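Here is the file work.tsv (TSV, C-alpha atoms).
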```tsv
chain	number	residue	atom	x	y	z
U	107	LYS	CA	-43.04	160.34	46.31
U	108	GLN	CA	-39.43	161.12	46.93
U	109	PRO	CA	-37.05	162.73	44.47
U	110	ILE	CA	-33.72	161.28	43.40
U	111	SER	CA	-31.96	163.68	45.76
U	112	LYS	CA	-33.06	161.45	48.63
U	113	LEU	CA	-31.23	158.48	47.21
U	114	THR	CA	-27.91	157.49	48.75
U	115	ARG	CA	-24.59	156.48	47.30
U	116	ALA	CA	-22.85	153.53	48.98
U	117	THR	CA	-19.50	155.30	48.87
U	118	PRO	CA	-18.05	158.48	47.33
U	119	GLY	CA	-16.62	156.40	44.42
U	120	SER	CA	-19.95	154.61	43.68
U	121	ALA	CA	-21.15	155.23	40.17
U	122	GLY	CA	-24.76	154.62	41.12
U	123	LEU	CA	-27.45	155.73	43.56
U	124	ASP	CA	-29.01	152.72	45.29
U	125	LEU	CA	-32.58	151.66	44.36
U	126	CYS	CA	-34.78	149.26	46.44
U	127	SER	CA	-38.35	148.00	45.82
U	128	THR	CA	-41.10	149.23	48.13
U	129	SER	CA	-42.60	145.73	48.38
U	130	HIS	CA	-41.47	142.15	48.89
U	131	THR	CA	-40.28	140.71	45.54
U	132	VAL	CA	-41.09	137.08	44.50
U	133	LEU	CA	-40.23	136.44	40.86
U	134	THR	CA	-40.37	133.21	38.92
U	135	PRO	CA	-38.81	132.56	35.48
U	136	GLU	CA	-42.24	132.06	33.77
U	137	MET	CA	-43.39	135.53	34.86
U	138	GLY	CA	-41.22	137.47	32.51
U	139	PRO	CA	-40.32	141.14	33.01
U	140	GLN	CA	-41.83	142.71	36.04
U	141	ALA	CA	-41.74	146.49	36.84
U	142	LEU	CA	-40.75	146.91	40.51
U	143	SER	CA	-41.97	150.06	42.31
U	144	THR	CA	-39.40	152.24	44.03
U	145	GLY	CA	-41.50	155.21	45.16
U	146	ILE	CA	-38.67	157.40	43.73
U	147	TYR	CA	-39.58	159.93	41.05
U	148	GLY	CA	-37.83	161.86	38.29
U	149	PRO	CA	-36.80	164.47	37.10
U	150	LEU	CA	-33.08	164.42	36.75
U	151	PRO	CA	-30.53	167.22	37.12
U	152	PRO	CA	-30.32	169.48	34.03
U	153	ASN	CA	-28.35	168.07	31.04
U	154	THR	CA	-28.41	164.53	32.47
U	155	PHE	CA	-30.28	161.32	31.78
U	156	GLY	CA	-30.52	158.27	34.01
U	157	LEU	CA	-29.55	154.67	33.39
U	158	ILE	CA	-30.93	151.95	35.67
U	159	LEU	CA	-28.78	148.82	35.98
U	160	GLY	CA	-28.66	145.87	38.33
U	161	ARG	CA	-26.16	145.50	41.14
U	162	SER	CA	-23.72	142.74	40.57
U	163	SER	CA	-24.52	140.70	43.71
U	164	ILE	CA	-28.13	140.66	42.75
U	165	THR	CA	-27.36	139.75	39.11
U	166	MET	CA	-25.32	136.82	40.35
U	167	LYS	CA	-28.25	135.58	42.47
U	168	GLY	CA	-30.23	135.23	39.25
U	169	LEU	CA	-32.20	138.47	39.32
U	170	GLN	CA	-31.66	140.22	36.02
U	171	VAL	CA	-32.35	144.01	35.78
U	172	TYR	CA	-33.03	145.14	32.17
U	173	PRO	CA	-31.28	148.45	31.38
U	174	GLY	CA	-33.70	151.26	32.05
U	175	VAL	CA	-33.32	154.72	30.49
U	176	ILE	CA	-34.78	157.68	32.35
U	177	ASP	CA	-35.30	160.86	30.39
U	178	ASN	CA	-34.17	164.14	31.87
U	179	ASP	CA	-37.66	165.57	32.32
U	180	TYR	CA	-39.49	162.35	33.35
U	181	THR	CA	-41.55	163.13	36.45
U	182	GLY	CA	-42.97	159.62	36.98
U	183	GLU	CA	-41.83	156.82	39.21
U	184	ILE	CA	-38.55	155.16	38.54
U	185	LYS	CA	-39.24	151.45	38.23
U	186	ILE	CA	-36.85	148.56	38.04
U	187	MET	CA	-37.55	146.16	35.20
U	188	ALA	CA	-36.57	142.79	36.66
U	189	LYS	CA	-36.68	139.12	35.70
U	190	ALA	CA	-35.85	135.87	37.53
U	191	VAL	CA	-33.37	134.18	35.27
U	192	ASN	CA	-33.34	130.50	36.16
U	193	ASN	CA	-34.71	130.12	39.59
U	194	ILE	CA	-37.38	131.56	41.77
U	195	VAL	CA	-35.94	134.78	43.14
U	196	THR	CA	-37.12	136.53	46.31
U	197	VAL	CA	-35.96	139.97	47.39
U	198	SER	CA	-37.08	141.45	50.71
U	199	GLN	CA	-38.48	144.98	50.74
U	200	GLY	CA	-35.65	147.46	51.19
U	201	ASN	CA	-32.79	145.32	49.84
U	202	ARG	CA	-30.78	147.13	47.12
U	203	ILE	CA	-31.77	145.71	43.73
U	204	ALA	CA	-30.62	148.27	41.20
U	205	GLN	CA	-28.70	151.48	40.77
U	206	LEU	CA	-29.36	154.77	39.02
U	207	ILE	CA	-26.33	156.08	37.08
U	208	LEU	CA	-26.47	159.75	35.91
U	209	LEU	CA	-24.93	160.43	32.49
U	210	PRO	CA	-24.52	163.57	30.38
U	211	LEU	CA	-27.23	164.25	27.87
U	212	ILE	CA	-25.42	165.26	24.77
U	213	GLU	CA	-27.33	167.76	22.59
U	214	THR	CA	-27.74	167.01	18.88
U	215	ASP	CA	-29.54	168.63	16.00
U	216	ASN	CA	-31.86	165.65	15.62
U	217	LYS	CA	-35.48	166.56	15.05
U	218	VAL	CA	-38.00	166.18	17.90
U	219	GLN	CA	-41.11	164.05	16.96
D	107	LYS	CA	-28.84	154.02	4.01
D	108	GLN	CA	-29.67	156.89	6.26
D	109	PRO	CA	-27.35	158.48	8.80
D	110	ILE	CA	-28.12	158.92	12.47
D	111	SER	CA	-28.93	162.58	11.82
D	112	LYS	CA	-32.23	161.44	10.32
D	113	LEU	CA	-33.28	159.79	13.54
D	114	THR	CA	-35.81	161.56	15.74
D	115	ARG	CA	-36.02	162.18	19.44
D	116	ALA	CA	-39.45	161.69	21.03
D	117	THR	CA	-39.07	164.84	23.09
D	118	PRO	CA	-36.33	167.39	23.87
D	119	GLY	CA	-35.62	165.58	27.20
D	120	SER	CA	-35.35	162.10	25.58
D	121	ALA	CA	-31.99	160.51	26.17
D	122	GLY	CA	-32.28	158.37	23.06
D	123	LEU	CA	-32.91	158.57	19.33
D	124	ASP	CA	-35.68	156.15	18.31
D	125	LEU	CA	-34.78	152.98	16.35
D	126	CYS	CA	-37.31	150.78	14.43
D	127	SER	CA	-36.77	147.59	12.39
D	128	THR	CA	-37.22	147.79	8.61
D	129	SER	CA	-39.15	144.48	8.56
D	130	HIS	CA	-41.90	142.74	10.48
D	131	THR	CA	-40.42	141.09	13.61
D	132	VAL	CA	-41.57	137.60	14.80
D	133	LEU	CA	-39.31	136.24	17.53
D	134	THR	CA	-39.67	133.07	19.55
D	135	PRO	CA	-37.73	132.18	22.73
D	136	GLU	CA	-35.93	129.20	21.06
D	137	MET	CA	-34.48	131.46	18.36
D	138	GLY	CA	-31.99	133.21	20.55
D	139	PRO	CA	-30.43	136.58	19.69
D	140	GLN	CA	-31.51	138.01	16.43
D	141	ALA	CA	-29.93	141.10	14.74
D	142	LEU	CA	-32.76	143.39	13.53
D	143	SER	CA	-32.03	145.66	10.54
D	144	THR	CA	-32.65	149.37	10.92
D	145	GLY	CA	-31.31	150.75	7.64
D	146	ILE	CA	-29.55	153.41	9.80
D	147	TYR	CA	-25.77	153.69	9.51
D	148	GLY	CA	-22.88	155.04	11.57
D	149	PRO	CA	-20.65	157.05	12.05
D	150	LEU	CA	-21.25	159.03	15.17
D	151	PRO	CA	-20.46	162.65	16.00
D	152	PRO	CA	-16.78	163.22	16.90
D	153	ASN	CA	-15.72	162.18	20.45
D	154	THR	CA	-18.91	160.13	20.96
D	155	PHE	CA	-19.84	156.47	20.97
D	156	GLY	CA	-23.31	154.98	20.77
D	157	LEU	CA	-25.17	152.70	23.13
D	158	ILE	CA	-28.23	150.81	21.88
D	159	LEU	CA	-30.79	149.89	24.55
D	160	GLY	CA	-34.38	148.73	24.53
D	161	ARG	CA	-37.35	150.96	25.22
D	162	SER	CA	-39.07	150.14	28.42
D	163	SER	CA	-42.54	149.42	26.96
D	164	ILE	CA	-41.00	146.95	24.60
D	165	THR	CA	-38.88	145.34	27.36
D	166	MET	CA	-42.03	144.86	29.39
D	167	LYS	CA	-43.75	143.09	26.47
D	168	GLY	CA	-41.02	140.47	26.65
D	169	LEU	CA	-38.71	141.72	23.90
D	170	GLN	CA	-35.24	142.03	25.35
D	171	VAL	CA	-32.68	144.28	23.57
D	172	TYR	CA	-29.05	143.33	24.42
D	173	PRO	CA	-26.88	146.42	25.01
D	174	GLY	CA	-25.20	147.33	21.76
D	175	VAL	CA	-22.04	149.46	21.59
D	176	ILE	CA	-21.41	151.48	18.45
D	177	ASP	CA	-17.91	152.74	17.88
D	178	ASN	CA	-17.38	156.32	16.85
D	179	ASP	CA	-16.10	155.53	13.37
D	180	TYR	CA	-18.39	152.55	12.57
D	181	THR	CA	-19.88	153.12	9.11
D	182	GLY	CA	-22.03	149.97	8.99
D	183	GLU	CA	-25.67	149.44	9.78
D	184	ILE	CA	-26.86	149.87	13.29
D	185	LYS	CA	-28.65	146.66	14.24
D	186	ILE	CA	-30.74	145.86	17.25
D	187	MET	CA	-29.79	142.64	18.98
D	188	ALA	CA	-33.13	141.32	20.23
D	189	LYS	CA	-34.52	138.23	21.95
D	190	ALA	CA	-38.04	137.06	22.85
D	191	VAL	CA	-37.83	136.39	26.54
D	192	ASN	CA	-40.70	134.08	27.44
D	193	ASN	CA	-43.28	134.33	24.78
D	194	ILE	CA	-43.52	134.68	21.06
D	195	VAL	CA	-43.02	138.37	20.37
D	196	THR	CA	-44.19	140.17	17.22
D	197	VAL	CA	-43.25	143.75	16.36
D	198	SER	CA	-44.71	145.44	13.29
D	199	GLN	CA	-42.34	147.21	10.91
D	200	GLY	CA	-41.86	150.80	12.02
D	201	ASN	CA	-42.73	150.37	15.71
D	202	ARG	CA	-40.00	151.79	18.01
D	203	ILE	CA	-37.98	148.90	19.43
D	204	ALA	CA	-34.77	150.44	20.69
D	205	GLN	CA	-32.97	153.70	21.26
D	206	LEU	CA	-29.52	155.03	20.44
D	207	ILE	CA	-27.92	156.98	23.32
D	208	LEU	CA	-24.83	159.11	22.48
D	209	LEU	CA	-22.11	159.16	25.16
D	210	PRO	CA	-18.72	160.87	25.41
D	211	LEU	CA	-15.77	158.85	24.28
D	212	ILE	CA	-13.16	159.42	26.89
D	213	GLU	CA	-9.58	159.31	25.58
D	214	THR	CA	-7.05	157.11	27.38
D	215	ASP	CA	-3.45	156.14	26.82
D	216	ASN	CA	-4.39	152.51	26.25
D	217	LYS	CA	-2.60	150.88	23.36
D	218	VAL	CA	-4.47	150.24	20.08
D	219	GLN	CA	-4.29	146.56	18.87
W	107	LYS	CA	-2.89	141.36	38.62
W	108	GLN	CA	-2.76	143.83	35.80
W	109	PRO	CA	-4.32	147.29	35.80
W	110	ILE	CA	-6.74	148.58	33.19
W	111	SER	CA	-3.90	150.51	31.56
W	112	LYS	CA	-2.66	147.21	30.12
W	113	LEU	CA	-5.90	146.65	28.28
W	114	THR	CA	-6.00	147.33	24.55
W	115	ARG	CA	-8.46	149.08	22.32
W	116	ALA	CA	-9.21	147.36	18.99
W	117	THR	CA	-9.04	150.65	17.12
W	118	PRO	CA	-8.77	154.36	17.98
W	119	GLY	CA	-12.57	154.74	17.53
W	120	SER	CA	-13.43	151.76	19.80
W	121	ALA	CA	-15.57	152.76	22.72
W	122	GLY	CA	-14.36	149.85	24.82
W	123	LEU	CA	-11.20	148.19	26.11
W	124	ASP	CA	-11.21	144.47	25.31
W	125	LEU	CA	-11.75	141.94	28.14
W	126	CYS	CA	-10.99	138.16	27.89
W	127	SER	CA	-11.40	135.37	30.48
W	128	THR	CA	-8.26	133.81	31.94
W	129	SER	CA	-9.73	130.30	31.64
W	130	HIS	CA	-11.63	128.19	29.14
W	131	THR	CA	-15.36	129.05	29.33
W	132	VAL	CA	-18.08	126.31	29.09
W	133	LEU	CA	-21.51	127.67	29.99
W	134	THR	CA	-24.86	125.94	29.83
W	135	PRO	CA	-28.30	127.63	30.09
W	136	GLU	CA	-29.15	125.86	33.41
W	137	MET	CA	-26.06	127.30	35.09
W	138	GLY	CA	-27.28	130.83	35.33
W	139	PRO	CA	-24.99	133.83	35.78
W	140	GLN	CA	-21.36	133.00	36.05
W	141	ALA	CA	-18.58	135.50	37.03
W	142	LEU	CA	-15.67	135.07	34.58
W	143	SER	CA	-12.17	135.99	35.84
W	144	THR	CA	-10.14	138.46	33.82
W	145	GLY	CA	-7.08	138.97	36.02
W	146	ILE	CA	-7.59	142.74	35.38
W	147	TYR	CA	-8.05	144.99	38.40
W	148	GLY	CA	-9.51	148.41	39.16
W	149	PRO	CA	-9.19	151.34	39.96
W	150	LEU	CA	-10.32	153.62	37.22
W	151	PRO	CA	-9.00	157.02	36.13
W	152	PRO	CA	-10.19	159.88	38.37
W	153	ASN	CA	-13.80	161.09	37.80
W	154	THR	CA	-14.69	157.98	35.78
W	155	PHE	CA	-16.64	154.80	36.35
W	156	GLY	CA	-16.59	151.65	34.25
W	157	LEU	CA	-19.35	149.84	32.42
W	158	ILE	CA	-18.80	146.24	31.31
W	159	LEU	CA	-20.83	145.13	28.29
W	160	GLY	CA	-20.70	142.22	25.89
W	161	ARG	CA	-19.26	142.41	22.40
W	162	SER	CA	-21.84	142.05	19.73
W	163	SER	CA	-20.35	138.98	18.00
W	164	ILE	CA	-20.31	137.17	21.27
W	165	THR	CA	-23.88	138.28	22.14
W	166	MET	CA	-25.04	136.90	18.81
W	167	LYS	CA	-23.42	133.52	19.55
W	168	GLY	CA	-25.72	133.25	22.56
W	169	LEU	CA	-23.37	134.42	25.31
W	170	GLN	CA	-25.08	137.19	27.20
W	171	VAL	CA	-22.95	139.61	29.31
W	172	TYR	CA	-24.99	141.33	32.08
W	173	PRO	CA	-24.12	145.04	32.38
W	174	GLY	CA	-21.43	145.41	35.01
W	175	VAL	CA	-20.75	148.70	36.82
W	176	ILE	CA	-17.27	149.32	38.16
W	177	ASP	CA	-16.87	152.02	40.76
W	178	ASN	CA	-14.08	154.52	40.40
W	179	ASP	CA	-12.13	153.35	43.43
W	180	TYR	CA	-12.75	149.57	43.10
W	181	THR	CA	-9.39	147.81	43.45
W	182	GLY	CA	-10.67	144.24	42.95
W	183	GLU	CA	-10.78	142.08	39.87
W	184	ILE	CA	-12.99	143.05	37.03
W	185	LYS	CA	-15.21	140.07	36.29
W	186	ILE	CA	-17.55	139.44	33.43
W	187	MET	CA	-21.00	138.32	34.47
W	188	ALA	CA	-22.00	135.93	31.68
W	189	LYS	CA	-24.85	133.55	30.84
W	190	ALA	CA	-25.45	131.03	28.04
W	191	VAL	CA	-28.75	132.08	26.59
W	192	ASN	CA	-30.16	129.11	24.71
W	193	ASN	CA	-27.37	126.80	23.92
W	194	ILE	CA	-24.22	125.48	25.46
W	195	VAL	CA	-21.63	128.17	24.88
W	196	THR	CA	-17.86	127.60	24.88
W	197	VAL	CA	-15.30	130.40	24.77
W	198	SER	CA	-11.59	129.61	24.55
W	199	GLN	CA	-9.23	131.34	26.97
W	200	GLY	CA	-8.08	134.64	25.50
W	201	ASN	CA	-11.01	135.25	23.13
W	202	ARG	CA	-12.57	138.72	23.62
W	203	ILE	CA	-15.83	138.33	25.54
W	204	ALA	CA	-16.62	141.77	26.89
W	205	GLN	CA	-15.55	145.38	26.85
W	206	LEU	CA	-14.90	148.01	29.50
W	207	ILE	CA	-16.35	151.43	28.62
W	208	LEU	CA	-15.14	154.43	30.72
W	209	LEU	CA	-17.80	157.05	31.49
W	210	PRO	CA	-17.75	160.33	33.44
W	211	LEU	CA	-18.73	160.13	37.05
W	212	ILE	CA	-21.00	163.04	37.59
W	213	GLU	CA	-20.86	164.50	41.11
W	214	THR	CA	-24.12	165.05	43.00
W	215	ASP	CA	-25.06	166.20	46.46
W	216	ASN	CA	-26.54	162.81	47.31
W	217	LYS	CA	-25.66	161.55	50.75
W	218	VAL	CA	-23.07	158.76	51.14
W	219	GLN	CA	-24.33	155.73	53.21
```

As structure tokens, please, write out the structure in this file.
Amino acid sequence: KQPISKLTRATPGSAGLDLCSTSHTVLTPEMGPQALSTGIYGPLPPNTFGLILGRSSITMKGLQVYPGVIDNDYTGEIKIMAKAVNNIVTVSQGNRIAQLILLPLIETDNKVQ
Amino acid sequence: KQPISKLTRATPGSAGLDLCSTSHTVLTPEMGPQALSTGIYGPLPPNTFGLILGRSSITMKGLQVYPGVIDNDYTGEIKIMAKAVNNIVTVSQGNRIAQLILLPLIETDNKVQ
Amino acid sequence: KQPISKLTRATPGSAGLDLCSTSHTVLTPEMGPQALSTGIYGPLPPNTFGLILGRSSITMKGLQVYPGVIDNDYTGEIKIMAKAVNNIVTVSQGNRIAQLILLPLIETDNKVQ
């Protein structure tokens, strides 16, 4: 288990922290959404939530990442929800597949239930 | 018609306000995107816009929610744009399908047209 | 090459700046993700990153836009990553296909690598 503070940013202007899967990824179109393990765990900095999105090179190779929302106080593993679009898609362990974007968590008066 | 202030947050750390459909949902892959009615209406708090995203349990069951963007002064019904990915997907009325995330609306000098 | 400052907002409450393709768009489901040229170039205002999302009318016509993330200091062309979902999708040059949403780029202590 590693926290998000261990994640790296490709460059200072990068919106996102890079996410890789811990295992070799073979996905076929008939499989439908698969949850890929990262071994990276919440929680997030105070007053922030996380959004998991694909990288564009990976999207273009036909690996779709479904938007993932990570709550501020989630302490579980961050997974990448991924689907092969058209073709069989393979991603080697340790290749960047997704990115974690941190966004402000706006407070509202909505009830909690 | 109910406003977004009636929506509930699963927990205080939840990024999103829960959205359900008002009707029973049967979706097949051949149907393509369907707009699911929530009976919840804009507008949004000042200086905010809304982003509609799927929940991860629902994504993993093969119901994809296409990112929805809700403008700050939209006064219409918030709908969930949904597609069955691989399999026939059923969702009972009142089961959480999507979430509304509120984000800051940054002001720019871009022209309005 | 035009900068994002030339983009227009449909209304003052619009979250997003409108994006069109520079060419006629014919997309079939078997083609998988295609990168549509906009002729609009980064970079983004300081302390912001960009998120590219589809418009909802276009989503509903069966043209899916994959979430695109634009880094703050990206100076290349903003492209729209698009896929025909179910049906052959045509979009005429100059019809709005996507939108660029500007979001705050939160600073973290994460390493840069």

Would you work out the distance separating atom CA of residue U:115 from atom CA of residue D:174, expressed in Å to one decimal?
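Separation of atom CA of residue U:115 and atom CA of residue D:174: 27.1 Å.
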
What lies within 9 Å of residue D:207 using all atoms listed in the file, ignoring chain neighbours under 2 positions off, as a CSV table (one decimal) with C-alpha atoms, in the coordinates of the input?
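Result saved to out31.csv:
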```
chain,number,residue,atom,x,y,z
U,211,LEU,CA,-27.2,164.2,27.9
U,212,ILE,CA,-25.4,165.3,24.8
D,121,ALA,CA,-32.0,160.5,26.2
D,122,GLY,CA,-32.3,158.4,23.1
D,123,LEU,CA,-32.9,158.6,19.3
D,155,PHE,CA,-19.8,156.5,21.0
D,156,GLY,CA,-23.3,155.0,20.8
D,157,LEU,CA,-25.2,152.7,23.1
D,158,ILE,CA,-28.2,150.8,21.9
D,159,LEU,CA,-30.8,149.9,24.6
D,205,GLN,CA,-33.0,153.7,21.3
D,209,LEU,CA,-22.1,159.2,25.2
```

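Residues within 12 Å of stretch 192-194 of chain D, counting all atoms listed in the file and excluding same-chain residues fewer than 3 positions away, are residues 134, 135, 136, 137, 138, 139, 189, 190, 191 and 192 of chain U; 131, 132, 133, 134, 135, 136, 137, 138, 165, 166, 167, 168, 169, 170, 189 and 197 of chain D; 192 of chain W.
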
Which chain U residues have any atom within 6 Å of an atom of chain D, and for each, what is the nearest pair of atoms with distance in Å to one decimal, counting only C-alpha atoms, rows sorted by chain and number, as CSV?
```
residue,atom,partner,partner_atom,distance
U:139,CA,D:166,CA,5.5
U:155,CA,D:121,CA,5.9
U:177,CA,D:120,CA,5.0
U:178,CA,D:119,CA,5.1
U:179,CA,D:119,CA,5.5
U:216,CA,D:114,CA,5.7
U:217,CA,D:114,CA,5.1
U:218,CA,D:115,CA,4.7
U:219,CA,D:116,CA,5.0
```

Return chain U as a tab-separated table (two decimals) with C-alpha atoms, keeping the file's coordinate frame, after superposing it on chain D by a least-squares fit that covers all C-alpha atoms paired in order.
```
chain	number	residue	atom	x	y	z
U	107	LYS	CA	-28.84	154.02	4.01
U	108	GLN	CA	-29.67	156.90	6.26
U	109	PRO	CA	-27.35	158.48	8.79
U	110	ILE	CA	-28.12	158.93	12.47
U	111	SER	CA	-28.93	162.58	11.82
U	112	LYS	CA	-32.23	161.44	10.32
U	113	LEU	CA	-33.28	159.79	13.54
U	114	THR	CA	-35.81	161.57	15.74
U	115	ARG	CA	-36.02	162.18	19.44
U	116	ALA	CA	-39.45	161.69	21.03
U	117	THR	CA	-39.07	164.84	23.09
U	118	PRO	CA	-36.33	167.39	23.86
U	119	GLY	CA	-35.62	165.59	27.19
U	120	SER	CA	-35.35	162.10	25.58
U	121	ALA	CA	-31.99	160.51	26.17
U	122	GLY	CA	-32.28	158.37	23.06
U	123	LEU	CA	-32.91	158.56	19.33
U	124	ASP	CA	-35.68	156.15	18.31
U	125	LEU	CA	-34.78	152.98	16.34
U	126	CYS	CA	-37.32	150.78	14.43
U	127	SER	CA	-36.77	147.59	12.38
U	128	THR	CA	-37.23	147.79	8.62
U	129	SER	CA	-39.15	144.49	8.57
U	130	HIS	CA	-41.90	142.74	10.49
U	131	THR	CA	-40.42	141.09	13.62
U	132	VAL	CA	-41.56	137.60	14.80
U	133	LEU	CA	-39.31	136.23	17.53
U	134	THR	CA	-39.67	133.07	19.55
U	135	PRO	CA	-37.73	132.17	22.73
U	136	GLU	CA	-35.93	129.19	21.06
U	137	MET	CA	-34.47	131.46	18.36
U	138	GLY	CA	-31.99	133.21	20.55
U	139	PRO	CA	-30.42	136.58	19.69
U	140	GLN	CA	-31.51	138.01	16.42
U	141	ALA	CA	-29.93	141.11	14.74
U	142	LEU	CA	-32.75	143.39	13.53
U	143	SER	CA	-32.02	145.66	10.54
U	144	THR	CA	-32.65	149.37	10.93
U	145	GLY	CA	-31.31	150.75	7.64
U	146	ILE	CA	-29.55	153.41	9.80
U	147	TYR	CA	-25.77	153.69	9.51
U	148	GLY	CA	-22.88	155.04	11.58
U	149	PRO	CA	-20.65	157.06	12.05
U	150	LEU	CA	-21.25	159.02	15.17
U	151	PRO	CA	-20.46	162.65	15.99
U	152	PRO	CA	-16.78	163.22	16.89
U	153	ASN	CA	-15.73	162.19	20.44
U	154	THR	CA	-18.91	160.14	20.95
U	155	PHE	CA	-19.84	156.47	20.98
U	156	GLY	CA	-23.31	154.98	20.77
U	157	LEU	CA	-25.17	152.69	23.14
U	158	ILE	CA	-28.23	150.81	21.88
U	159	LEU	CA	-30.80	149.89	24.55
U	160	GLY	CA	-34.39	148.72	24.53
U	161	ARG	CA	-37.35	150.97	25.23
U	162	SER	CA	-39.08	150.15	28.42
U	163	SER	CA	-42.54	149.42	26.96
U	164	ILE	CA	-41.00	146.95	24.61
U	165	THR	CA	-38.89	145.34	27.36
U	166	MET	CA	-42.03	144.86	29.40
U	167	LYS	CA	-43.75	143.09	26.47
U	168	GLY	CA	-41.01	140.47	26.65
U	169	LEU	CA	-38.72	141.72	23.90
U	170	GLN	CA	-35.24	142.03	25.34
U	171	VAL	CA	-32.67	144.28	23.56
U	172	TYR	CA	-29.05	143.33	24.42
U	173	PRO	CA	-26.88	146.43	25.01
U	174	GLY	CA	-25.21	147.33	21.76
U	175	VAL	CA	-22.04	149.46	21.59
U	176	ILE	CA	-21.42	151.48	18.45
U	177	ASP	CA	-17.91	152.73	17.88
U	178	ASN	CA	-17.38	156.32	16.85
U	179	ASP	CA	-16.10	155.53	13.36
U	180	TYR	CA	-18.39	152.54	12.56
U	181	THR	CA	-19.87	153.12	9.11
U	182	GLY	CA	-22.03	149.96	8.99
U	183	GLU	CA	-25.67	149.45	9.77
U	184	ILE	CA	-26.86	149.87	13.29
U	185	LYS	CA	-28.65	146.66	14.23
U	186	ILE	CA	-30.74	145.87	17.25
U	187	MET	CA	-29.79	142.64	18.98
U	188	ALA	CA	-33.13	141.32	20.23
U	189	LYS	CA	-34.52	138.23	21.94
U	190	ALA	CA	-38.04	137.05	22.85
U	191	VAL	CA	-37.83	136.38	26.54
U	192	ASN	CA	-40.70	134.08	27.44
U	193	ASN	CA	-43.28	134.33	24.78
U	194	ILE	CA	-43.53	134.68	21.07
U	195	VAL	CA	-43.02	138.36	20.37
U	196	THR	CA	-44.18	140.17	17.22
U	197	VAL	CA	-43.26	143.74	16.36
U	198	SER	CA	-44.71	145.45	13.29
U	199	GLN	CA	-42.34	147.21	10.90
U	200	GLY	CA	-41.87	150.80	12.02
U	201	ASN	CA	-42.72	150.37	15.72
U	202	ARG	CA	-39.99	151.79	18.01
U	203	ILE	CA	-37.98	148.90	19.43
U	204	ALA	CA	-34.76	150.44	20.69
U	205	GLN	CA	-32.97	153.70	21.26
U	206	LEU	CA	-29.53	155.03	20.43
U	207	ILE	CA	-27.93	156.97	23.32
U	208	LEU	CA	-24.83	159.10	22.48
U	209	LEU	CA	-22.12	159.17	25.16
U	210	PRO	CA	-18.72	160.87	25.41
U	211	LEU	CA	-15.76	158.84	24.28
U	212	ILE	CA	-13.17	159.42	26.90
U	213	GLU	CA	-9.57	159.30	25.58
U	214	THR	CA	-7.04	157.10	27.38
U	215	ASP	CA	-3.45	156.14	26.82
U	216	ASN	CA	-4.39	152.51	26.25
U	217	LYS	CA	-2.60	150.87	23.36
U	218	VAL	CA	-4.47	150.25	20.08
U	219	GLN	CA	-4.29	146.56	18.87
```
